[PDB]
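Enquirer: One file is attached below, my_file-v3.txt, containing compact mmCIF, C-alpha atoms.
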```txt
# COMPACT_ATOMS: atom_id res chain seq x y z
CA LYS A 1 13.49 -2.13 -22.18
CA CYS A 2 12.58 1.13 -20.46
CA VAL A 3 9.74 2.49 -22.63
CA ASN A 4 6.72 4.77 -22.36
CA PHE A 5 3.36 3.14 -21.63
CA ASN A 6 -0.14 3.83 -22.81
CA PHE A 7 -2.27 0.96 -21.47
CA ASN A 8 -6.05 1.55 -21.97
CA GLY A 9 -5.59 5.28 -21.34
CA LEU A 10 -3.29 4.78 -18.32
CA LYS A 11 0.27 6.02 -18.84
CA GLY A 12 3.61 5.21 -17.24
CA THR A 13 7.25 4.29 -17.74
CA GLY A 14 8.77 0.94 -16.86
CA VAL A 15 9.98 -2.51 -17.90
CA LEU A 16 7.44 -5.23 -18.72
CA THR A 17 8.26 -8.53 -16.97
CA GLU A 18 6.27 -11.73 -16.59
CA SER A 19 4.02 -12.14 -13.54
CA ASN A 20 4.39 -15.40 -11.61
CA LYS A 21 1.36 -14.95 -9.33
CA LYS A 22 -2.32 -15.94 -9.51
CA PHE A 23 -4.59 -13.05 -10.51
CA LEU A 24 -8.27 -12.38 -11.11
CA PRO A 25 -9.57 -12.78 -14.70
CA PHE A 26 -11.66 -9.60 -14.35
CA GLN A 27 -8.72 -7.54 -13.04
CA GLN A 28 -7.77 -4.54 -15.16
CA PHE A 29 -4.77 -3.45 -13.04
CA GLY A 30 -3.42 -3.57 -9.50
CA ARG A 31 -1.73 -1.26 -7.03
CA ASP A 32 1.37 -1.34 -4.83
CA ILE A 33 2.02 -0.10 -1.28
CA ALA A 34 2.16 3.50 -2.62
CA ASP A 35 -1.08 3.00 -4.71
CA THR A 36 0.57 3.26 -8.14
CA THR A 37 0.13 0.67 -10.88
CA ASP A 38 2.79 -2.06 -10.68
CA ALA A 39 0.86 -4.63 -12.75
CA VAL A 40 -1.71 -4.41 -15.54
CA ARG A 41 -3.60 -6.88 -17.75
CA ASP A 42 -2.95 -6.74 -21.50
CA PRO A 43 -6.09 -5.57 -23.37
CA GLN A 44 -5.95 -7.73 -26.53
CA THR A 45 -4.90 -11.11 -25.09
CA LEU A 46 -4.97 -12.31 -21.50
CA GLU A 47 -1.56 -11.71 -19.90
CA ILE A 48 -0.56 -9.61 -16.89
CA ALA B 1 37.37 -16.08 41.25
CA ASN B 2 34.25 -18.02 42.22
CA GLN B 3 32.13 -14.85 42.43
CA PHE B 4 33.41 -13.11 39.29
CA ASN B 5 33.29 -16.08 36.90
CA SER B 6 29.69 -16.88 37.84
CA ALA B 7 28.72 -13.22 37.38
CA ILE B 8 29.74 -13.09 33.70
CA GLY B 9 27.69 -16.22 32.97
CA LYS B 10 24.55 -14.63 34.40
CA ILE B 11 24.90 -11.89 31.77
CA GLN B 12 25.11 -14.51 28.99
CA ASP B 13 22.03 -16.38 30.25
CA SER B 14 20.04 -13.14 30.52
CA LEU B 15 20.81 -11.86 27.01
CA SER B 16 20.03 -15.24 25.42
CA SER B 17 16.53 -15.22 26.97
CA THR B 18 15.35 -11.65 27.64
CA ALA B 19 15.32 -9.60 24.43
CA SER B 20 14.00 -6.36 25.99
CA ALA B 21 17.36 -5.34 27.49
CA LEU B 22 18.57 -4.51 23.97
CA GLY B 23 15.27 -2.77 23.15
CA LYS B 24 16.80 0.71 23.48
CA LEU B 25 18.71 -0.15 20.30
CA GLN B 26 15.49 -1.57 18.84
CA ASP B 27 13.82 1.83 19.30
CA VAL B 28 16.53 3.30 17.07
CA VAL B 29 15.42 0.97 14.26
CA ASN B 30 11.65 1.21 14.87
CA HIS B 31 11.61 5.01 14.81
CA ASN B 32 13.44 4.80 11.48
CA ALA B 33 11.06 2.05 10.34
CA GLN B 34 8.08 4.37 10.82
CA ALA B 35 10.03 7.21 9.18
CA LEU B 36 10.72 5.34 5.94
CA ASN B 37 7.13 4.09 5.85
CA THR B 38 5.90 7.66 6.38
CA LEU B 39 6.76 8.91 2.88
CA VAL B 40 5.37 5.80 1.16
CA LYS B 41 1.89 6.36 2.62
CA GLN B 42 1.91 10.07 1.70
CA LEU B 43 1.97 9.22 -2.02
CA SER B 44 -1.52 7.69 -1.88
CA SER B 45 -3.06 10.82 -0.34
CA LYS B 46 -5.02 13.01 -2.75
CA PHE B 47 -3.93 16.37 -1.11
CA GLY B 48 -7.21 18.05 -2.14
```
For the structure just supplied, provide its representation as structure tokens.
Expert:
Amino acid sequence: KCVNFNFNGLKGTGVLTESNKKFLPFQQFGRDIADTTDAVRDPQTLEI
Amino acid sequence: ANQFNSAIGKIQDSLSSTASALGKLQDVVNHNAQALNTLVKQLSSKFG
């Protein structure tokens, strides 16, 4: 669903889908080719 | 008919090997490839 985001103070609008890649456990978020957040770790449980 | 039929086959052997004869059409794509990657890299700039 297209919804509004507030993720640990960072805001956006998009659709949450499951990441298939291998990520760092200490990673809060990550950036695309345009340096905007395309992926973010969930704060309560560990999922990106 | 011996000279003309061998002359068409030298064009086919040259275009199957040398790729730089079609590179004038490849400069049409590569100037547009830098143009569409221009506006992506401007979004990461802080602009002051």
Enquirer: Do you have the atom CA of residue B:32-atom CA of residue B:15 distance handy?
Expert: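 So the two atoms, atom CA of residue B:32 and atom CA of residue B:15, lie 23.9 Å apart.
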Enquirer: For residue B:40, which of A:41, A:6, A:28, A:36 is the closest residue, counting all atoms listed in the file?
Expert: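 Of all the options, A:36 lies closest to residue B:40.
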Enquirer: Specify as a PyMOL selection string all residues of chain A found within 8 Å of chain B, counting only C-alpha atoms.
Expert: chain A and resi 33-36
Enquirer: I'd like the neighbourhood of residue A:47 as a count of residues only, where a residue qualifies if any of its atoms comes within 9 Å (using only C-alpha atoms), though same-chain residues fewer than 6 positions away should be ignored.
Expert: 4
Enquirer: Could you state the separation of atom CA of residue A:8 and atom CA of residue A:26 in Å, given to one decimal place?
Expert: 14.6 Å
Enquirer: Box along x, y and z, 5 Å on every side, all listed atoms of stretch 12-25 of chain B inside: centre and edge lengths in Å to one decimal, as lines of an AutoDock Vina configuration file.
Expert:
```
center_x = 19.6
center_y = -7.8
center_z = 25.4
size_x = 21.1
size_y = 27.1
size_z = 20.2
```
Enquirer: Any idea what's packed within 12 Å of residue A:5, counting only C-alpha atoms, ignoring anything in its chain fewer than 2 positions away? Could you give it as a ChimeraX atom specification?
Expert: /A:1-3,7-16,37,40,42
Enquirer: Interatomic distance between atom CA of residue B:17 and atom CA of residue B:30?
Expert: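 Computed distance, atom CA of residue B:17 to atom CA of residue B:30, equals 21.0 Å.
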